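Below, in structure tokens: the form deposited in one PDB entry, a single chain.
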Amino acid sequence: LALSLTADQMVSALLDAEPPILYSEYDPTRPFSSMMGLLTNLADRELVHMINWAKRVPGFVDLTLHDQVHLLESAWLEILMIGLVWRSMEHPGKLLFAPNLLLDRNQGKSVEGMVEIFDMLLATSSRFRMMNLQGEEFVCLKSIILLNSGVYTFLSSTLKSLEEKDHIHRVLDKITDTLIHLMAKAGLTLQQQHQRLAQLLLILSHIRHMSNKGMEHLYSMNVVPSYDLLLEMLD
């Protein structure tokens, strides 16, 4: 069923699955002063919706529950970050963590080590802006992250695991076909399609890098979702 979709059906499926944009929970009539608490509460609530989204990525629920957990455990911070960079794209110099929580780099200075991470995310959003990234390409990229980030770290060679990895790579191939279809439908030449495909996928390496830095930042001060919590939520 998953591998059956056309490119337009894949795009429609991914667009329909998009999670909502959440708001930060602070009293807006109360003075602003808490930063780490605001950001981690927001990511808390986003995670529940991320799982709903992931279950709607075609092919994802065809995997074992264990492999769904592994994929999400590996990708969750990358997925939060690409979403942040996407909605920050039209706010140069600012990160739209939430519509009521738009921060510039000086506001990241209030937590040691955070402005460095703010700077990388702002630069990624400028790269998105520079490339005129489209919403349809964005949902493809976010789905690629979900399927790709953990696929090389199963460290299992059971027959089931071979079939799982094969399936994941088949879905990833369909998403590649879909990105190419979208750039063809936008008028790009074949050369430009291959070049833009590459430019988009290379950005995913930097998003991986930012996630690793962000994980180190977190670890340097139970904020990380445990396997068991992810398992319970995915059930």
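One rule holds for the numbers: they count along the sequence shown, beginning at 1.
The protein also exists as the form deposited with a partner chain bound; that form is not presented, and the subsequent description refers to it.
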Margin query: in the deposited bound form, is there a heavy atom of its partner chain that lies within 4.5 Å of any heavy atom of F97, even though the partner is absent here?
Written below: no
Checklist line | Partner proximity in the deposited bound form: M35 to its partner chain, non-hydrogen atom cutoff 4.5 Å | finding: no
Check: Counting only non-hydrogen atoms and a 4.5 angstroms cut-off, does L39 reach its partner chain in the deposited bound form?
Finding: no
